[PDB]
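Protein chains in written order, with the authors' numbering: chain A, 435 to 482; chain B, 387 to 434. Backbone N, C-alpha and C define an ideal beta-carbon position, used for all residues, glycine too.
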Amino acid sequence: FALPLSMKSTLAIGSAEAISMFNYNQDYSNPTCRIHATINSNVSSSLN
Amino acid sequence: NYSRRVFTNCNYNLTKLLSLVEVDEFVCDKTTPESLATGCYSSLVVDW
Ligand SMILES: *[C@@H]1O[C@H](CO)[C@@H](O[C@@H]2O[C@H](CO)[C@@H](O)[C@H](O)[C@H]2NC(C)=O)[C@H](O)[C@H]1NC(C)=O
Ligand SMILES: *[C@@H]1O[C@H](CO)[C@@H](O)[C@H](O)[C@H]1NC(C)=O
Ligand SMILES: *[C@@H]1O[C@H](CO)[C@@H](O)[C@H](O)[C@H]1NC(C)=O
């Protein structure tokens with residue numbers, strides 16, 4: 435999904451904010467990797 | 387010169403602090419922000 439890096443602490447383990455309780459609760463029973471990536475405008479113009 | 391408050395013998399609504407600010411990073415030991423708003427305490431020391 436799309437989420438700014440200003441809210442990168444909102445998805446962290448244990449939080450009382452609206453993302454981790456209404457939008458995305460992460461299952462930590464399996465091997466996971468949460469990658470906060472960034473796609474610049476040059477790459478995200480040929481693959482549209 | 388920072389200030390300290392200790393809250394005893396009262397019921398706290400910690401949502402009032404968190405719905406008024408936006409959190410950039412939290413660092414907790416022995417608790418979580420999800421459990422900081424639900425547990426009952428003998429005292430609550432806040433330094434800001
Ligand atoms: C340093 O902080 C303390 C408290 O955080 C300030 O003390 C308060 O000062 C006001 C006005 O001088 C008083 O009305 C309060 O009752 C004081 N509170 C306490 C707990 O003493 C103090 O003024 C601050 N120092 C400076 C230089 O700003
Ligand atoms: C994208 O590539 C062009 C070269 O074709 C370059 O001039 C431009 O600065 C690049 N965009 C960014 C954000 O660096
Ligand atoms: C998205 O970009 C690609 C670039 O290869 C283009 O072929 C495609 O038509 C674009 N889609 C649009 C304009 O809806």
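Short check: CB of residue i to CB of residue j, under 7 angstroms?
| i | j | result |
| --- | --- | --- |
| residue 490/A | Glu-408/B | One cannot answer for residue 490/A here, as it falls past the ends of chain A, which runs 435 to 482. |
| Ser-429/B | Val-392/B | yes |
| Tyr-388/B | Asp-433/B | yes |
Tell me the DSSP secondary structure of residue i in three-state form.
| i | result |
| --- | --- |
| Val-477/A | helix |
| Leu-430/B | strand |
| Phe-393/B | strand |
| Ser-463/A | coil |
| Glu-420/B | helix |
| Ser-405/B | coil |
| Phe-412/B | coil |
| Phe-456/A | helix |
7 angstroms is my cut-off, CB to CB: does residue i come that close to chain A?
| i | result |
| --- | --- |
| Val-409/B | yes |
| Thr-394/B | no |
Can you check whether the C-beta of residue i is within less than 7 angstroms of a C-beta belonging to chain B?
| i | result |
| --- | --- |
| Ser-478/A | no |
If we count the other Cβ atoms within 10 Å of its Cβ and call it buried at 16 or more, is residue i buried or exposed?
| i | result |
| --- | --- |
| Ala-452/A | exposed |
| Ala-450/A | buried |
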